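Colleague: Got a structure here, written out as structure tokens. Questions coming.
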Amino acid sequence: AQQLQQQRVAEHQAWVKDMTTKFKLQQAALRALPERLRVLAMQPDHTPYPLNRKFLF
Amino acid sequence: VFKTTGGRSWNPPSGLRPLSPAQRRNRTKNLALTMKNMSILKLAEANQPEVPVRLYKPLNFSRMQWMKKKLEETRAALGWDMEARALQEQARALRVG
Amino acid sequence: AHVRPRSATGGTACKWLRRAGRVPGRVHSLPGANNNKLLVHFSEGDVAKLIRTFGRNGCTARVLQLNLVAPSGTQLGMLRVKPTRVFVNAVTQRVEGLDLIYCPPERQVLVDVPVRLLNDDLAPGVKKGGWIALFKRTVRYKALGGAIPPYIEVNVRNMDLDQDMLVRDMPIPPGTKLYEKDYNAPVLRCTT
Amino acid sequence: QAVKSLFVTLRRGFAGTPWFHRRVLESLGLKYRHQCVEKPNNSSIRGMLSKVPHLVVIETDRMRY
Amino acid sequence: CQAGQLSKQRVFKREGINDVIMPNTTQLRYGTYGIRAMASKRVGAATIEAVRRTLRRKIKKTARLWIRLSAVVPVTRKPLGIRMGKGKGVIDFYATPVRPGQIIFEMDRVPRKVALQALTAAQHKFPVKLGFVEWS
RNA sequence: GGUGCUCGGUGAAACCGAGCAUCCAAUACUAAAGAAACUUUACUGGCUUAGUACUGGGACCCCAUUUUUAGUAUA
Ligand SMILES: [Mg+2]
Ligand SMILES: [Mg+2]
């Protein structure tokens, strides 16, 4: 049961460390660049997904 | 006071009769005495000596009569050897005198 | 503003001060370290002059020069002070207190500035019908000690019915922050 | 100039006086009009005297001397 | 001028004598020219409507009338032949408590001379004294 | 070395192994709540012809000192 908690704790913690490092990079990315580049970078909408992306079979 | 109606003449038909200068002179005298009283109280508070004065008071009449009654009922309730015992130390006190 | 230090008062020194022809007050600012407030007493002529030429509920938009006078090392003293909450009476409308705040040229004091309404005669909305209401008269906001604004002149040349002047847009002097900026409340409305 | 004692004299009477002022006057030791007693100068006596300043005439021992 | 509520409730005290001299409901909050009382007097609804029409007669349609008092206090008056006792009487009329420092009629930019003119007719029909207060 | 959010571990406890916020090791504004101080005045005790006969105590709110937060910014 120690191993059973270790698998999920290690996997979820490695994944959330990856997401937080990606969040750090995307936070620090948009600062060496003028305001119009911010305006493209800070557009909070997304195109609908094309549904042709078949998952793990 | 402060009544105009009600059939009982506590005042004239006019509801009062205001203060004559004699009444105002009397109230001024009484207020001056009160002001000097509280000014003297402030001065005595500000000039009180450390370790304040205790005055000699006698026993009140109730303690006095009670303790004379108590002492007279000691005199009837003494043992047979007691006045000789008192007389021995009375002599011994004035041998050292 | 001739004043005296007023060493120890409660409510009986104040009745005797008012009979003597004086109006009490204080200055509170923490000028030196704690507040070290100074009690003072003015005259009804001085206090009537401030509440007549500057008006009650206004008058806090100026820094008057206080004069600390002895009744020399005793007859000297001049402080830069700002009015805060003059205490009027509600029956005879006489003034019973001042409660000033010391205002040196650098300060972050809160000031309640009035509204003067520049162009009432000319507006399309006022001439279609009626008049304009002033709900938020005397809008208050932060200021600096050396640059307290005596007047705020809202521009009313172009307002109509259902066209309202909000608190968010007001003439803002440099270094003079608006105290309440997150609110959107109607200072003016052309109500007919 | 230290106030060692006080001299307290009734100038008013007992009739018409409320019972709590009357009890303070009893505990000061005053029974009759124009009667002067010598009281010490401590906070107990001064509290009793400040409860009834309009009924008595207080004076310092130096003043009375 | 009537108690706009669901219950015909009853009251105990009919008085308002207390002074608010310091900054305590003493400045104008809705208008710019105000009419205030100077002594405490409980006043009835009929007087309030009569003074309101009496000063409204001297007011134009570009002048708002901010009334400050609403008659919501029931007053119980017994009939003529009823002997003293046997419970509390029926509610007869509605009244208001007036305090010495309360502004009861405050006006907008109708001219101060006309506002003073309206105050004279208001004070003629009102039981207690009235005074003039302005925004200043 | 500190508190929590819970995965479990026994003894029912509480702590242990993790892993983020500051406690330390920030400044700069804003909206909340509290703390102590205080001008004025209501309000009151005594006295009272009902307060140009007085006198003791003394708020609330605002302004100003400051603490627990939260939110928005900085390299
Ligand atoms: Mg008093
Ligand atoms: Mg008597």
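Every chain in the structure tokens takes a letter, A first, then B, and so on in the order presented; its residues are numbered from 1, and the ligands are numbered from 1 following the presented order.
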Give me the residues near residue 46 in chain B as JSON, numbers by chain, where near means some atom within 12 Å (using only C-alpha atoms (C1' of nucleotides)) and where sequence neighbours in that chain fewer than 2 positions away do not count.
Modeller: {"B": [39, 40, 41, 42, 43, 44, 48, 49, 50], "D": [1, 2, 3, 4, 41, 42, 43, 46]}
Colleague: What residues have any atom no more than 10 Å from ligand 1 when counting only C-alpha atoms (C1' of nucleotides) and all ligand atoms, and can you list them as a ChimeraX atom specification?
Modeller: /C:10-12,15 /F:43-45,54-58
Colleague: Each residue of chain D lying at most 7 Å from ligand 2 should get a row with its shortest atom-to-atom pair and the distance in Å to one decimal, counting only C-alpha atoms and all ligand atoms; could you produce that, ordered by chain and increasing number, as CSV?
Modeller:
```
residue,atom,partner,partner_atom_place_in_ligand_line,distance
D:12,CA,ligand 2,1 (Mg),5.9
D:13,CA,ligand 2,1 (Mg),4.7
D:14,CA,ligand 2,1 (Mg),5.4
D:15,CA,ligand 2,1 (Mg),4.6
D:16,CA,ligand 2,1 (Mg),4.4
D:17,CA,ligand 2,1 (Mg),5.2
```
Colleague: May I have the residues within 10 Å of residue 128 in chain C as a compact mmCIF listing (two decimals) with N, CA, C and O atoms, in the first residue's frame, using only C-alpha atoms (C1' of nucleotides) and disregarding those fewer than 4 positions away in the same chain?
Modeller:
```txt
# COMPACT_ATOMS: atom_id res chain seq x y z
N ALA C 123 -27.29 73.27 -22.38
CA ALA C 123 -27.22 71.79 -22.52
C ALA C 123 -28.44 71.40 -23.36
O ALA C 123 -29.50 72.03 -23.18
N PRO C 124 -28.36 70.41 -24.27
CA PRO C 124 -29.55 69.99 -25.03
C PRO C 124 -30.61 69.33 -24.14
O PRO C 124 -31.79 69.54 -24.37
N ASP C 160 -27.74 65.06 -21.30
CA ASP C 160 -29.17 65.04 -21.68
C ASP C 160 -29.92 64.08 -20.76
O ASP C 160 -29.30 63.59 -19.80
N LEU C 161 -31.21 63.86 -21.01
CA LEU C 161 -31.96 62.85 -20.22
C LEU C 161 -31.40 61.45 -20.49
O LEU C 161 -31.16 61.13 -21.69
N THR C 192 -36.14 65.07 -15.37
CA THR C 192 -37.15 66.06 -15.82
C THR C 192 -38.55 65.59 -15.40
O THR C 192 -38.92 64.46 -15.72
```
Colleague: To test your reading of the structure, identify every residue in chain B that backbone DSSP assigns to helix (DSSP H, G or I), and report it as a PDB file with N, CA and C atoms, in the first residue's frame.
Modeller:
```pdb
ATOM      1  N   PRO B  21     -34.209  89.780  43.846  1.00  0.00           N
ATOM      2  CA  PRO B  21     -32.754  89.861  44.069  1.00  0.00           C
ATOM      3  C   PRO B  21     -32.279  89.320  45.410  1.00  0.00           C
ATOM      4  N   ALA B  22     -33.148  89.259  46.423  1.00  0.00           N
ATOM      5  CA  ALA B  22     -32.793  88.617  47.684  1.00  0.00           C
ATOM      6  C   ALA B  22     -32.572  87.121  47.508  1.00  0.00           C
ATOM      7  N   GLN B  23     -33.458  86.460  46.758  1.00  0.00           N
ATOM      8  CA  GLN B  23     -33.298  85.037  46.485  1.00  0.00           C
ATOM      9  C   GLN B  23     -32.039  84.767  45.677  1.00  0.00           C
ATOM     10  N   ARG B  24     -31.757  85.607  44.676  1.00  0.00           N
ATOM     11  CA  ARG B  24     -30.550  85.443  43.876  1.00  0.00           C
ATOM     12  C   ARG B  24     -29.289  85.690  44.692  1.00  0.00           C
ATOM     13  N   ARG B  25     -29.335  86.638  45.632  1.00  0.00           N
ATOM     14  CA  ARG B  25     -28.215  86.856  46.544  1.00  0.00           C
ATOM     15  C   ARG B  25     -27.972  85.640  47.429  1.00  0.00           C
ATOM     16  N   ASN B  26     -29.051  85.018  47.917  1.00  0.00           N
ATOM     17  CA  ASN B  26     -28.916  83.819  48.744  1.00  0.00           C
ATOM     18  C   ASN B  26     -28.354  82.642  47.952  1.00  0.00           C
ATOM     19  N   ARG B  27     -28.820  82.454  46.710  1.00  0.00           N
ATOM     20  CA  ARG B  27     -28.297  81.368  45.882  1.00  0.00           C
ATOM     21  C   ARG B  27     -26.842  81.606  45.509  1.00  0.00           C
ATOM     22  N   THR B  28     -26.458  82.866  45.286  1.00  0.00           N
ATOM     23  CA  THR B  28     -25.061  83.179  45.007  1.00  0.00           C
ATOM     24  C   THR B  28     -24.174  82.884  46.208  1.00  0.00           C
ATOM     25  N   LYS B  29     -24.651  83.205  47.415  1.00  0.00           N
ATOM     26  CA  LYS B  29     -23.892  82.904  48.626  1.00  0.00           C
ATOM     27  C   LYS B  29     -23.711  81.400  48.818  1.00  0.00           C
ATOM     28  N   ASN B  30     -24.780  80.628  48.602  1.00  0.00           N
ATOM     29  CA  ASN B  30     -24.699  79.178  48.768  1.00  0.00           C
ATOM     30  C   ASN B  30     -23.811  78.533  47.710  1.00  0.00           C
ATOM     31  N   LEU B  31     -23.889  79.012  46.466  1.00  0.00           N
ATOM     32  CA  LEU B  31     -23.016  78.495  45.421  1.00  0.00           C
ATOM     33  C   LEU B  31     -21.562  78.835  45.670  1.00  0.00           C
ATOM     34  N   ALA B  32     -21.283  80.024  46.205  1.00  0.00           N
ATOM     35  CA  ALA B  32     -19.913  80.368  46.557  1.00  0.00           C
ATOM     36  C   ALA B  32     -19.372  79.454  47.646  1.00  0.00           C
ATOM     37  N   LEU B  33     -20.199  79.136  48.649  1.00  0.00           N
ATOM     38  CA  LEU B  33     -19.769  78.203  49.692  1.00  0.00           C
ATOM     39  C   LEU B  33     -19.502  76.809  49.131  1.00  0.00           C
ATOM     40  N   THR B  34     -20.341  76.349  48.197  1.00  0.00           N
ATOM     41  CA  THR B  34     -20.119  75.049  47.563  1.00  0.00           C
ATOM     42  C   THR B  34     -18.845  75.033  46.716  1.00  0.00           C
ATOM     43  N   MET B  35     -18.574  76.124  45.986  1.00  0.00           N
ATOM     44  CA  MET B  35     -17.366  76.183  45.166  1.00  0.00           C
ATOM     45  C   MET B  35     -16.113  76.209  46.021  1.00  0.00           C
ATOM     46  N   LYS B  36     -16.131  76.961  47.127  1.00  0.00           N
ATOM     47  CA  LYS B  36     -14.986  76.933  48.031  1.00  0.00           C
ATOM     48  C   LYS B  36     -14.821  75.577  48.694  1.00  0.00           C
ATOM     49  N   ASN B  37     -15.919  74.853  48.935  1.00  0.00           N
ATOM     50  CA  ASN B  37     -15.814  73.496  49.464  1.00  0.00           C
ATOM     51  C   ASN B  37     -15.092  72.566  48.498  1.00  0.00           C
ATOM     52  N   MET B  38     -15.486  72.565  47.223  1.00  0.00           N
ATOM     53  CA  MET B  38     -14.820  71.627  46.318  1.00  0.00           C
ATOM     54  C   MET B  38     -13.422  72.090  45.919  1.00  0.00           C
ATOM     55  N   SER B  39     -13.164  73.401  45.920  1.00  0.00           N
ATOM     56  CA  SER B  39     -11.802  73.885  45.711  1.00  0.00           C
ATOM     57  C   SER B  39     -10.890  73.504  46.872  1.00  0.00           C
ATOM     58  N   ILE B  40     -11.395  73.597  48.105  1.00  0.00           N
ATOM     59  CA  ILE B  40     -10.651  73.156  49.280  1.00  0.00           C
ATOM     60  C   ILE B  40     -10.420  71.650  49.239  1.00  0.00           C
ATOM     61  N   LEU B  41     -11.386  70.890  48.714  1.00  0.00           N
ATOM     62  CA  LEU B  41     -11.200  69.447  48.561  1.00  0.00           C
ATOM     63  C   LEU B  41     -10.108  69.115  47.549  1.00  0.00           C
ATOM     64  N   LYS B  42     -10.060  69.840  46.427  1.00  0.00           N
ATOM     65  CA  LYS B  42      -8.984  69.635  45.455  1.00  0.00           C
ATOM     66  C   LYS B  42      -7.626  70.016  46.034  1.00  0.00           C
ATOM     67  N   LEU B  43      -7.575  71.111  46.793  1.00  0.00           N
ATOM     68  CA  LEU B  43      -6.323  71.546  47.404  1.00  0.00           C
ATOM     69  C   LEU B  43      -5.853  70.564  48.469  1.00  0.00           C
ATOM     70  N   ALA B  44      -6.782  70.008  49.248  1.00  0.00           N
ATOM     71  CA  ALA B  44      -6.417  69.049  50.283  1.00  0.00           C
ATOM     72  C   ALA B  44      -6.017  67.709  49.689  1.00  0.00           C
ATOM     73  N   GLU B  45      -6.588  67.347  48.542  1.00  0.00           N
ATOM     74  CA  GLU B  45      -6.120  66.163  47.833  1.00  0.00           C
ATOM     75  C   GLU B  45      -4.714  66.370  47.283  1.00  0.00           C
ATOM     76  N   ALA B  46      -4.423  67.566  46.772  1.00  0.00           N
ATOM     77  CA  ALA B  46      -3.116  67.860  46.197  1.00  0.00           C
ATOM     78  C   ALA B  46      -2.049  68.201  47.234  1.00  0.00           C
ATOM     79  N   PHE B  61     -19.949  54.975  72.903  1.00  0.00           N
ATOM     80  CA  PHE B  61     -20.653  54.640  74.137  1.00  0.00           C
ATOM     81  C   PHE B  61     -21.095  53.181  74.162  1.00  0.00           C
ATOM     82  N   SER B  62     -21.340  52.592  72.994  1.00  0.00           N
ATOM     83  CA  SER B  62     -21.773  51.204  72.931  1.00  0.00           C
ATOM     84  C   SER B  62     -20.641  50.231  73.251  1.00  0.00           C
ATOM     85  N   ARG B  63     -19.458  50.407  72.627  1.00  0.00           N
ATOM     86  CA  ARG B  63     -18.294  49.602  73.006  1.00  0.00           C
ATOM     87  C   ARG B  63     -17.909  49.830  74.454  1.00  0.00           C
ATOM     88  N   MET B  64     -18.010  51.076  74.922  1.00  0.00           N
ATOM     89  CA  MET B  64     -17.626  51.412  76.286  1.00  0.00           C
ATOM     90  C   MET B  64     -18.505  50.692  77.297  1.00  0.00           C
ATOM     91  N   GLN B  65     -19.825  50.740  77.102  1.00  0.00           N
ATOM     92  CA  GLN B  65     -20.728  50.079  78.038  1.00  0.00           C
ATOM     93  C   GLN B  65     -20.650  48.564  77.922  1.00  0.00           C
ATOM     94  N   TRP B  66     -20.490  48.047  76.696  1.00  0.00           N
ATOM     95  CA  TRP B  66     -20.322  46.611  76.500  1.00  0.00           C
ATOM     96  C   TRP B  66     -19.063  46.094  77.173  1.00  0.00           C
ATOM     97  N   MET B  67     -17.955  46.817  77.053  1.00  0.00           N
ATOM     98  CA  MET B  67     -16.716  46.293  77.599  1.00  0.00           C
ATOM     99  C   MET B  67     -16.634  46.517  79.104  1.00  0.00           C
ATOM    100  N   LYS B  68     -17.307  47.536  79.646  1.00  0.00           N
ATOM    101  CA  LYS B  68     -17.439  47.605  81.101  1.00  0.00           C
ATOM    102  C   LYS B  68     -18.310  46.479  81.649  1.00  0.00           C
ATOM    103  N   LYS B  69     -19.373  46.105  80.927  1.00  0.00           N
ATOM    104  CA  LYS B  69     -20.167  44.942  81.321  1.00  0.00           C
ATOM    105  C   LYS B  69     -19.348  43.657  81.252  1.00  0.00           C
ATOM    106  N   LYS B  70     -18.539  43.513  80.199  1.00  0.00           N
ATOM    107  CA  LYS B  70     -17.678  42.344  80.050  1.00  0.00           C
ATOM    108  C   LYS B  70     -16.632  42.277  81.154  1.00  0.00           C
ATOM    109  N   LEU B  71     -16.027  43.416  81.498  1.00  0.00           N
ATOM    110  CA  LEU B  71     -15.023  43.444  82.555  1.00  0.00           C
ATOM    111  C   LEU B  71     -15.636  43.197  83.922  1.00  0.00           C
ATOM    112  N   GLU B  72     -16.869  43.644  84.141  1.00  0.00           N
ATOM    113  CA  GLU B  72     -17.525  43.355  85.405  1.00  0.00           C
ATOM    114  C   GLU B  72     -17.959  41.899  85.503  1.00  0.00           C
ATOM    115  N   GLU B  73     -18.200  41.227  84.381  1.00  0.00           N
ATOM    116  CA  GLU B  73     -18.449  39.793  84.428  1.00  0.00           C
ATOM    117  C   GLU B  73     -17.182  38.951  84.296  1.00  0.00           C
ATOM    118  N   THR B  74     -16.014  39.566  84.071  1.00  0.00           N
ATOM    119  CA  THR B  74     -14.766  38.875  84.394  1.00  0.00           C
ATOM    120  C   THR B  74     -14.554  38.817  85.896  1.00  0.00           C
ATOM    121  N   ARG B  75     -14.892  39.905  86.592  1.00  0.00           N
ATOM    122  CA  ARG B  75     -14.602  40.046  88.014  1.00  0.00           C
ATOM    123  C   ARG B  75     -15.366  39.031  88.851  1.00  0.00           C
ATOM    124  N   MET B  82      -6.585  33.858  91.565  1.00  0.00           N
ATOM    125  CA  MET B  82      -6.271  34.781  90.483  1.00  0.00           C
ATOM    126  C   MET B  82      -5.743  36.115  90.978  1.00  0.00           C
ATOM    127  N   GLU B  83      -6.307  36.662  92.052  1.00  0.00           N
ATOM    128  CA  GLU B  83      -5.877  37.993  92.444  1.00  0.00           C
ATOM    129  C   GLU B  83      -4.527  37.938  93.150  1.00  0.00           C
ATOM    130  N   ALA B  84      -4.206  36.810  93.791  1.00  0.00           N
ATOM    131  CA  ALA B  84      -2.854  36.587  94.297  1.00  0.00           C
ATOM    132  C   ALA B  84      -1.850  36.433  93.161  1.00  0.00           C
ATOM    133  N   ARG B  85      -2.254  35.763  92.077  1.00  0.00           N
ATOM    134  CA  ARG B  85      -1.391  35.632  90.907  1.00  0.00           C
ATOM    135  C   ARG B  85      -1.138  36.985  90.253  1.00  0.00           C
ATOM    136  N   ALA B  86      -2.168  37.828  90.186  1.00  0.00           N
ATOM    137  CA  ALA B  86      -1.994  39.182  89.675  1.00  0.00           C
ATOM    138  C   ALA B  86      -1.132  40.023  90.607  1.00  0.00           C
ATOM    139  N   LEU B  87      -1.302  39.851  91.917  1.00  0.00           N
ATOM    140  CA  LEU B  87      -0.546  40.612  92.898  1.00  0.00           C
ATOM    141  C   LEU B  87       0.929  40.226  92.912  1.00  0.00           C
ATOM    142  N   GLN B  88       1.241  38.960  92.615  1.00  0.00           N
ATOM    143  CA  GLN B  88       2.632  38.516  92.536  1.00  0.00           C
ATOM    144  C   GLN B  88       3.380  39.222  91.413  1.00  0.00           C
ATOM    145  N   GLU B  89       2.803  39.237  90.212  1.00  0.00           N
ATOM    146  CA  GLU B  89       3.445  39.929  89.104  1.00  0.00           C
ATOM    147  C   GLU B  89       3.350  41.446  89.239  1.00  0.00           C
ATOM    148  N   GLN B  90       2.362  41.961  89.980  1.00  0.00           N
ATOM    149  CA  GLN B  90       2.338  43.386  90.301  1.00  0.00           C
ATOM    150  C   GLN B  90       3.508  43.777  91.197  1.00  0.00           C
ATOM    151  N   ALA B  91       3.832  42.937  92.185  1.00  0.00           N
ATOM    152  CA  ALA B  91       5.013  43.181  93.011  1.00  0.00           C
ATOM    153  C   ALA B  91       6.296  43.016  92.210  1.00  0.00           C
ATOM    154  N   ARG B  92       6.337  41.997  91.349  1.00  0.00           N
ATOM    155  CA  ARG B  92       7.530  41.702  90.568  1.00  0.00           C
ATOM    156  C   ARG B  92       7.809  42.789  89.535  1.00  0.00           C
ATOM    157  N   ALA B  93       6.765  43.468  89.050  1.00  0.00           N
ATOM    158  CA  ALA B  93       6.956  44.587  88.131  1.00  0.00           C
ATOM    159  C   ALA B  93       7.658  45.757  88.809  1.00  0.00           C
ATOM    160  N   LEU B  94       7.255  46.094  90.029  1.00  0.00           N
ATOM    161  CA  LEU B  94       7.841  47.243  90.704  1.00  0.00           C
ATOM    162  C   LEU B  94       9.059  46.890  91.546  1.00  0.00           C
ATOM    163  N   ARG B  95       9.457  45.617  91.608  1.00  0.00           N
ATOM    164  CA  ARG B  95      10.808  45.331  92.085  1.00  0.00           C
ATOM    165  C   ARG B  95      11.851  45.662  91.028  1.00  0.00           C
TER     166      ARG B  95
END
```
Colleague: So that I can check the secondary structure, give me every residue of range 122-161 of chain C assigned strand (DSSP E) by backbone DSSP, as a ChimeraX atom specification.
Modeller: /C:133-134,140-142
Colleague: Based on only C-alpha atoms, which of the residues in chain C come within 8 Å of chain E? I want them as a count of residues only.
Modeller: 17
Colleague: Could you list, as a list in words, every residue within 12 Å of residue 121 in chain C, counting only C-alpha atoms (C1' of nucleotides) and ignoring same-chain residues fewer than 2 positions away?
Modeller: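 Listed by chain and then number, they are residues 117, 118, 119, 123, 124, 125, 126, 127, 130, 131, 132, 155, 156, 157, 158 and 159 of chain C.
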Colleague: Expressed in Å to a single decimal, how great is the separation between CA of residue 95 in chain C and CA of residue 113 in chain C?
Modeller: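 It comes out at 20.5 Å.
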Colleague: If the cut-off is 6 Å, can you tell me the residues of chain C near chain F, counting only C-alpha atoms (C1' of nucleotides)? I'd like them as number ranges by chain.
Modeller: C: 25-26, 97
Colleague: Would you compute the distance between CA of residue 67 in chain E and CA of residue 107 in chain E? Give it in Å to one decimal.
Modeller: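 According to the coordinates, CA of residue 67 in chain E and CA of residue 107 in chain E are separated by 9.0 Å.
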Colleague: Residues of chain A within 10 Å of chain F, counting only C-alpha atoms (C1' of nucleotides) - could you list those as a ChimeraX atom specification?
Modeller: /A:1-2,4-6,8-10,13
Colleague: Using CA of residue 107 in chain C and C1' of residue 27 in chain F as the two end points, give the distance in Å to one decimal.
Modeller: 19.3 Å
Colleague: Identify which of the residues E:11, E:3, E:122, E:110 lies closest to residue 88 in chain E, counting only C-alpha atoms when measuring atom-to-atom distances.
Modeller: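 Smallest distance to residue 88 in chain E is found for E:11.
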Colleague: Using only C-alpha atoms, find the residues of chain D whose closest atom to chain B is at most 12 Å away, then write them as an MDAnalysis selection string.
Modeller: chainID D and resid 1:12 29 37:63
